[PDB]
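We begin with a single chain expressed as structure tokens, specifically the form deposited in one PDB entry.
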């Protein structure tokens, strides 16, 4: 079995403004993103999206999809279910909230089917209880009989999905078990079934949470199926190239200051909407005794806290996922909410120095523009 393309959208929502906050979607999404990439999926991973952002991300995902393409959606965050319809709850939902504030998974399925995907996979790592404030009784249109649909729900209808309250890293229950199986060369339905068995052995979740699989898939399609890669339309290749650009951060640039010092500006991706910037004092003409380099003046859209920027360790920025994957001895800054970027990312590298003999500090600073960062390119 071969797939014309494999494409995944992964969303983790943790920091709700009007509802309890979550911790593990960041690990779940990060680790799943990596496993999917090992299977050659073109993946977009996004943290903490609003309703508007979630819809836009879905619109981008849909653009990738084409006849024969395997599409996968993974969601870790708050959700609800009314009348067998699954809804994803964005971080900007009010309390209480209604369906119009959320995204209905089935509608996404309908749109995917309109693209003639070869496989539709939904992994919904969220609660499935009712939202009683939402009183609407939607007449969702009947889906076409694709025979390509697989739902892996972290929990059963009417029940809850969980993560572990452990300080430091810990997956949610679903990912805890999924990640050990995900790379298996098996029909995705069978794989999920093994996953359901693994979860059943969890004492902590017994009687509270169990995987539910819903499938109408009539062919031996596996996540490990090879990409055919022969029939791309030119428009697709450009879309693929654009996706690759979103996937790739700007390469590091060496900044030359008028006073002759050089600073290394380095970039790392945590998610498609989360970048880490690091700076280091690579070079000094001797005449200058002391050097200080630091970053600032970010776009407001990013809502970056200067208290939380220019840190000794990546860990200090709220970047726990990437470390020791980053050059040591560098200031670190975490740019999250990259999707909120109206204008090319522009910021300021500032430098403070004293010359040997001279005793007064000098202040020089230059605007760097990497322009669009990651996901932002997509539009």
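Numbering follows the first chain given and starts at 1. The term rigid core refers to the most C-alpha atoms you can superpose between the two forms while keeping them within 1.5 Å.
This protein has a second form, the form deposited in another entry, left out of what is shown; the following refers to that one.
> Considering only 72, 263, 192, 88, which residue exhibits a C-alpha shift of no less than 2 Å between the shown form and the other one, with the rigid core used for superposition?
Comparing the C-alpha positions, the one residue that moves 2 Å or more is 263.
> Taking the rigid core as the reference frame, is the Cα of residue 222 displaced by 2 Å or more between the shown form and the other one?
After core superposition, the C-alpha of residue 222 moves less than 2 Å between the shown form and the other one.
> Do you see a C-alpha shift of 2 Å or more at residue 63 between the shown form and the other one, with the core held fixed?
Yes; residue 63 is a residue whose C-alpha shifts (by 2 Å or more) between the shown form and the other one when the cores are overlaid.
> Core aligned, does the CA of residue 276 move at least 2 Å between the shown form and the other one?
No, because once the rigid core is superposed, the C-alpha of residue 276 moves less than 2 Å between the shown form and the other one.
> Compare the CA separation of residue 167 and residue 33 in that other deposited form with the one in the displayed structure, and answer closer or farther (the difference is at least 3 Å).
Residues converge in that other deposited form, at least 3 Å closer.
> Thinking of the 3 angstroms or more shift, are the C-alphas of residue 151 and residue 115 brought closer or pushed farther apart in that other deposited form than in this view?
Distance between the C-alphas of residue 151 and residue 115: shorter in that other deposited form, by 3 Å or more.
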